[PDB]
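Peer 1: below you'll find the sequence and an experimental structure to go with it.
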Amino acid sequence: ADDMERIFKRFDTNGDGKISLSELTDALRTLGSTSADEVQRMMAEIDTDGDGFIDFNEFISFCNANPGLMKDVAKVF
Ligand SMILES: [Mg+2]
């Protein structure tokens, strides 16, 4: 039972293997996140294909990095 799994599936409402990393940073604004601007530049780190999608390894790399964004995000997962 992983926490990052829930959030990862949160955006994955299309039954896909990846989730848009662009809509995330822009979506966090609704979650009440005050780092939507910092997350936008952070999500780019996990993205190695610079595409509008991220897999489990990508999304995870964000948390494993402990940047300080997913810390508060996963808290409301
Ligand atoms: Mg990617």
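Peer 2: Alright, I've got the coordinates. Numbers count the residues shown, from 1 in each chain.
Peer 1: show me which residues of this protein sit near the ion.
Peer 2: 47, 49, 51, 54 (Cβ under 5 Å from the ion). Bear in mind the C-beta positions are built from the backbone N, C-alpha and C, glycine included.
Peer 1: recalculate using a threshold of 6 Å.
Peer 2: 47, 49, 51, 53-54, 58 (Cβ under 6 Å from the ion).
Peer 1: could those residues go into JSON lines alongside neighbour count and secondary structure?
Peer 2: Compiled in JSON lines, the residues of the chain next to the ion are given as follows (neighbours: other Cβ atoms under 10 Å; DSSP: H, G, I helix; E, B strand; the rest coil):
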{"residue": "47", "neighbour count": "19", "secondary structure": "coil"}
{"residue": "49", "neighbour count": "10", "secondary structure": "coil"}
{"residue": "51", "neighbour count": "12", "secondary structure": "coil"}
{"residue": "53", "neighbour count": "17", "secondary structure": "coil"}
{"residue": "54", "neighbour count": "26", "secondary structure": "strand"}
{"residue": "58", "neighbour count": "20", "secondary structure": "helix"}
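Peer 1: just send those back as JSON lines, with distance to residue 69 too.
Peer 2: What follows is those, written out as JSON lines (distance: Cβ to Cβ, whole Å):
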{"residue": "47", "distance to residue 69": "14"}
{"residue": "49", "distance to residue 69": "20"}
{"residue": "51", "distance to residue 69": "20"}
{"residue": "53", "distance to residue 69": "18"}
{"residue": "54", "distance to residue 69": "14"}
{"residue": "58", "distance to residue 69": "14"}
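Peer 1: out of those residues, what pair is the most spread apart?
Peer 2: 51 and 58 (9.7 Å; Cβ to Cβ).
Peer 1: contacts only, for residue 24.
Peer 2: Contacts of residue 24 were listed using Cβ atoms under 8 Å, 6 or more residues apart in numbering, and they are 11, 39, 43.
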